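I have placed the structure first, in the form of structure tokens, so that the comments after it can refer back to it.
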Protein chains: 2
Amino acid sequence: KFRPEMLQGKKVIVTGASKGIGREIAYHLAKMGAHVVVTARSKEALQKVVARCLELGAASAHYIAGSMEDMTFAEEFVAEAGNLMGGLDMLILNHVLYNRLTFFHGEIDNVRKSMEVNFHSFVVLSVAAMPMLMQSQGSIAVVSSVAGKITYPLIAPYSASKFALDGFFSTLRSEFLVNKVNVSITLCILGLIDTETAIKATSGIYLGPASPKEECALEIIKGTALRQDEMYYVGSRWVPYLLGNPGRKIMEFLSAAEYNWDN
Amino acid sequence: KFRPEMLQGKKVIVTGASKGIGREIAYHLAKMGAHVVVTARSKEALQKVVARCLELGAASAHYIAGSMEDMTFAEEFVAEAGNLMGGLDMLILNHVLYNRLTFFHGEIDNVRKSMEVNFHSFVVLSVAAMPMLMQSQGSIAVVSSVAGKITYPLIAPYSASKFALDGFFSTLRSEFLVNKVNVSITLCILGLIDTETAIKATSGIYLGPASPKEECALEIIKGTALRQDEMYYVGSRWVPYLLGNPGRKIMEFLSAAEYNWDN
Ligand SMILES: NC(=O)c1ccc[n+]([C@@H]2O[C@H](COP(=O)([O-])OP(=O)(O)OC[C@H]3O[C@@H](n4cnc5c(N)ncnc54)[C@H](OP(=O)(O)O)[C@@H]3O)[C@@H](O)[C@H]2O)c1
Ligand SMILES: NC(=O)c1ccc[n+]([C@@H]2O[C@H](COP(=O)([O-])OP(=O)(O)OC[C@H]3O[C@@H](n4cnc5c(N)ncnc54)[C@H](OP(=O)(O)O)[C@@H]3O)[C@@H](O)[C@H]2O)c1
Ligand SMILES: CCN(CC)C(=O)Cc1cccc(NS(=O)(=O)c2cccc(Cl)c2C)n1
């Protein structure tokens, strides 16, 4: 069970923090007395956030700005950021490439770019951060979407990348348990959330309800802090049990007794 | 209810065809009297697949050698093979890059290559193949795994890439149902198969048993020709119902309705 002080003094990277969910993640961590390095492309907007973060109780608040389409920038960024903070407790992977909701028409360069931005970078950031996460016994929050467990018409490129996140990071969870690595990995499954970029992108296309950016941020923090395997905030109490696949839990358990562990 | 004559003088691409499951697919389409174009990297092991499909009943059998790590080659490939056969009915996407069995501990290169070979290429070949298949009302077989539905330790980069296929090709399908695009996409989820590569790699590590190549290939052909959404060949009768996910199924449908189709 959660208390705010499980974040006070903790060092933390929020990505996609220049607006929406990511912006609020950063704010609440700052009400908690956390140190943050926040990141995104748009410098102005990032200063606007560090400043408010300091105005609300963060221990420190720096920003670094760059495109995550850029793997060296991902690598380097992680290092500056640890160095700024004396290390790292929790890595919040929250950014994404912007996509319109249309039928797919052959746009390969879109499938590719969305794969870089929403999957490859997550893994590099993760790989750069791992030494300090290991020493800290810390945590990585992998922000994803109902569209990373099922599929909606209009976002094939997006969903491919979010599906890949489950597959890669879930396997990483399971290796870490077996090897007694105490870096937790919380896959965060978000129903629609009322960010401007997602109101603007769905008006007159998707009709379902939208849950609030502020709580969505918070719940991400909470489930990451509690070392939850998964954190569903999809606007319902029932629906997580229809997205989370008991079939798969059962299968993963059984299948594990089919390895020669000793070897 | 399937029959072999449904492939009589059908024009089929087979990737990953120089051995393994994909050779065995080619060999079976030959007995049935299809036109086949097979690709892989290895020119010698392809000249051997073609003589054999010739001596078997192939209406026609050709090869192109080339690496599916190169997307110009995937693209040109599909046009070279379409000119040859005078059309395209079925596109079978079977190649993959197998990696080192190992705990993940930083190897991004692999994570990049696996995604190139296994996923991106299935996309480029598909987009390139699309007009010939809209014009035949033909079929794609995307060949994946158990470890594209659930995770398994020691293979995260490959899992990521099989999962992505699920999210991209399952979205594209549902987009075809809507636009009444009459091209079917069959996801093939297969457990272990006794190709040398799988067994050699798992020798000593994974102790569960492996179903045969020969009928794995056949089942693939069958479920793709019967234009099925999924096809399971996983060593038991009950396992498909643990992997194929009634939670997801149900949400895929109920959400068809929260969209504004007029727009
Ligand atoms: N909103 C929803 O309904 C919803 C639902 C499910 C999942 N999610 C997920 O939640 C995460 C955040 O969603 P959101 O609604 O907050 O998005 P959003 O409000 O548009 O904000 C996304 C943030 O990520 C950043 N980002 C975009 N491109 C970037 C790039 N190339 N490099 C670095 N950062 C980039 C943006 O800043 P810059 O543009 O300045 O770089 C912005 O900071 C995403 O992972 C998304 O998939 C959202
Ligand atoms: N066998 C199993 O246990 C099992 C279980 C589940 C899923 N599957 C799946 O089934 C499919 C086939 O499995 P497998 O055991 O048959 O494969 P295999 O015996 O490893 O066959 C791999 C084929 O793909 C080719 N290939 C590898 N890299 C290539 C590249 N860069 N360009 C072109 N071709 C490349 C190979 O020829 P070259 O080296 O000459 O190019 C070879 O023909 C895969 O998609 C896999 O994920 C297999
Ligand atoms: C879709 C990419 N994007 C900007 C377009 C993001 O901001 C990410 C995003 C926006 C909206 C929803 C979403 N994921 S989601 O909730 O599973 C989703 C995706 C598509 C449709 C719907 Cl209704 C829902 C709920 N992800």
Side-chain angles (χ1 to χ4, degrees), chain A residues 15-24 39-43 45-46 65-70 73 93-101 114 117-118 121 143-150 152-155 158-159 162 188-198 200-202 205-208 210-211 213 216 234-235, chain B residues 15-24 39-42 45-46 65-70 73 93-98 113 116-118 121 143-148 158 161-162 188-199 202 210-211 213 216 234 255 258-259:
Chain A
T15 70
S18 69
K19 52 188 155 164
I21 281 149
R23 174 177 47 185
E24 308 288 315
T39 184
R41 281 176 308 182
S42 310
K43 147 194 222 186
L46 292 162
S67 186
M68 291 290 170
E69 189 189 359
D70 186 328
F73 170 69
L93 303 175
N94 158 270
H95 47 37
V96 70
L97 196 63
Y98 186 82
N99 250 196
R100 305 135 100 220
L101 314 219
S114 66
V117 177
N118 330 160
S121 47
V143 183
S144 172
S145 326
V146 141
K149 292 304 188 152
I150 69 176
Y152 293 82
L154 303 193
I155 45 145
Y158 170 71
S159 181
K162 292 311 216 174
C188 276
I189 308 301
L190 312 190
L192 230 205
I193 313 302
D194 75 352
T195 44
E196 199 167 71
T197 117
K200 275 190 105 62
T202 52
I205 273 164
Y206 197 81
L207 323 177
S211 326
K213 7 167 108 180
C216 182
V234 308
Chain B
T15 90
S18 62
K19 14 148 216 230
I21 283 168
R23 182 169 47 191
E24 295 317 325
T39 162
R41 249 153 1 160
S42 146
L46 290 158
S67 189
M68 294 283 192
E69 180 180 351
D70 184 356
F73 173 76
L93 297 189
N94 167 277
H95 67 278
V96 58
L97 175 83
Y98 308 98
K113 222 175 117 226
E116 279 320 319
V117 165
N118 299 173
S121 66
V143 172
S144 183
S145 349
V146 185
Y158 164 97
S161 79
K162 290 308 196 182
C188 311
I189 304 294
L190 333 158
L192 197 60
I193 314 312
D194 57 27
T195 58
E196 271 190 70
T197 303
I199 301 157
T202 51
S211 304
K213 15 166 184 295
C216 185
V234 312
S255 298
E258 296 239 289
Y259 280 65

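Chain letters run A, B, ... following the sequence lines, proteins first and then strands; every chain starts at 1. No hydrogens, no waters, no symmetry mates; every other heavy atom, side chains included, goes into these values. Indexing begins at 1, ligand by ligand and atom by atom, following the structure's order.
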Please write down residue, atom name and distance for the protein heavy atom closest to [atom].
| atom | value |
| --- | --- |
| atom 18 (C) of ligand 3 | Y152(A) CE1, 4.3 Å |
| atom 43 (O) of ligand 1 | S18(A) OG, 2.8 Å |
| atom 32 (N) of ligand 2 | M68(B) N, 2.9 Å |

Could you see which bit of [X] sits under 4.0 Å from ligand 2, with heavy atoms only: side chain, backbone, both or neither?
| X | result |
| --- | --- |
| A210(B) | neither |
| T195(B) | side chain |
| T39(B) | neither |

With heavy atoms only and a cut-off of under 4.0 Å, state how [X] meets ligand 1: side chain, backbone, both or neither.
| X | answer |
| --- | --- |
| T197(A) | side chain |
| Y158(A) | side chain |
| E196(A) | neither |

Side chain, backbone, both or neither: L190(A) near ligand 3, heavy atoms under 4.0 Å: backbone

Polar atom proximity, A198(A) to ligand 3 (N or O, under 3.5 Å): no

Heavy atom of protein inside 4.0 Å of atom 4 (C) of ligand 2, strictly below: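 True for atom 4 (C) of ligand 2.
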
Where ligand 3 meets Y206(A) - atom numbers and elements under 4.0 angstrom, heavy-atom basis: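 Listed by number with element, the hits are 23 (Cl).
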
Check ion pair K213(B)-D194(B) (N to O, under 4.0 angstrom):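 Result for this pair is yes, salt bridge flagged.
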
